[PDB]
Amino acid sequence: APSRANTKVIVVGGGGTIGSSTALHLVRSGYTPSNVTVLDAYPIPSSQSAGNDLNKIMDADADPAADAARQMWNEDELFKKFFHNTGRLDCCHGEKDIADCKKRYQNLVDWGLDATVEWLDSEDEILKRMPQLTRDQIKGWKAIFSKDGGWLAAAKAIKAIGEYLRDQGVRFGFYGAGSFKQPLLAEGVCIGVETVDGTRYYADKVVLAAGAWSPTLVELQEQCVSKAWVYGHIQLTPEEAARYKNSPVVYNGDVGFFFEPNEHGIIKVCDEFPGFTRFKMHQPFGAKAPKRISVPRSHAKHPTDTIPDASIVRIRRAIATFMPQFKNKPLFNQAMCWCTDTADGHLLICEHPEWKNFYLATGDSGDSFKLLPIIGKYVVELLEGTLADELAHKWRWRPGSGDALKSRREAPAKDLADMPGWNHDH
């Protein structure tokens, strides 16, 4: 095994979240930049990466990886500017959701103290916190307000990683030169990657950080099932947008959520739901025949795609509830954004059980963007044989460990074949 300075690594999906972090941590660890090759279907930040977004939520997860990430969002100079500490307003209505939120709030008063969390026990208490809401839309609502967390400028953070890597001299391959087709195996040892255009890249170690595409590219035995979530955007005038400067993330699990406007006055609005699959026949490397698996329907490949009609209705209901004064604004740049769920919702970060020096770094399960600053550190540890055993176990190769179609969500994902309104191919 060579020294870090002499080790060649290929990061497949290095234009995405986990992949770009991996490349960053290899460089920060003293790998020689020109020995690191980032391969992606699309140039960093990849136009189909789940992290290519105006915003993501940063919550207050006590988990060690989430904690370490939070410290870097606060303190690391590459990342800090992209974390917006607006807090979060979690709204609840109906007996069931209110009971759940009260229990959750009590757990904070119990477990690791409250401190930065408030209970809002009426409409008027919510309005004092967020005067931009409309009373007649929030009848019977209560809320938890958390001063911790807020939102992350996701595409900008990945873009900042790519500029850093570029300036260090990392090597890149994109499009046909970056789209993984197969590992290169020599008697059960991975020694590189071949791309769609026929280019062959050789390295000591290969990381597959291909997000929702990972189970399409190599045989993962249904350990990961790929699903889409949805959003769209509305455009506020400068005067309208000023009202929502530093506004908290607003969330109601029965409705959806929205963010503070970006610097161009655009609000992104999301639904809350268990995700959509898109099953079709496909043959990943390592599969003996085509199989029915959920294959992302990429908005980058298909920019005329929007989102299902059902989704538009839900997002319109969210705007009508949270921002009734903006109900006549067009919802634009509608898109589907893909992730991959494991059965238990933990990551899949492990060496392949048959292909030595080929490593999986996926299973993001819809809540990994917030790990961008830290996650590559754990991937480097895996490559070097130093990942903490409890994490190695939690993130292990585990086919047959449960049904990832439902995962730890409320319901099995429905399928885009059954959800009209997104496809505008003709």
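So that there is no doubt, residue numbering starts at 1 and follows the sequence shown.
Comparing 89-97 with 173-181, the stretch with the higher mean C-alpha B-factor in the PDB entry is 89-97. Looking at mean Cα B-factors across 395-403 and 44-52, the upper value is held by 395-403.
Residue set 351, 271, 344, 305: peak C-alpha B-factor at 271 (per PDB entry).
In this structure the maximum Cα B-factor among 147, 297, 156, 81 is found at 147. In this PDB entry, the Cα temperature factor of residue 30 sits in the middle third of its chain's modelled residues. For residue 69, the recorded CA temperature factor ranks within the middle third of the chain's modelled residues. When the CA B factors of the chain's modelled residues are split into thirds, the value for residue 333 lands in the middle one. For residue 276, the recorded CA B-factor ranks within the lowest third of the chain. Only modelled residues enter the ranking. Among the modelled residues of its chain, residue 59 has a C-alpha B-factor that falls in the highest third, as given in the PDB entry.
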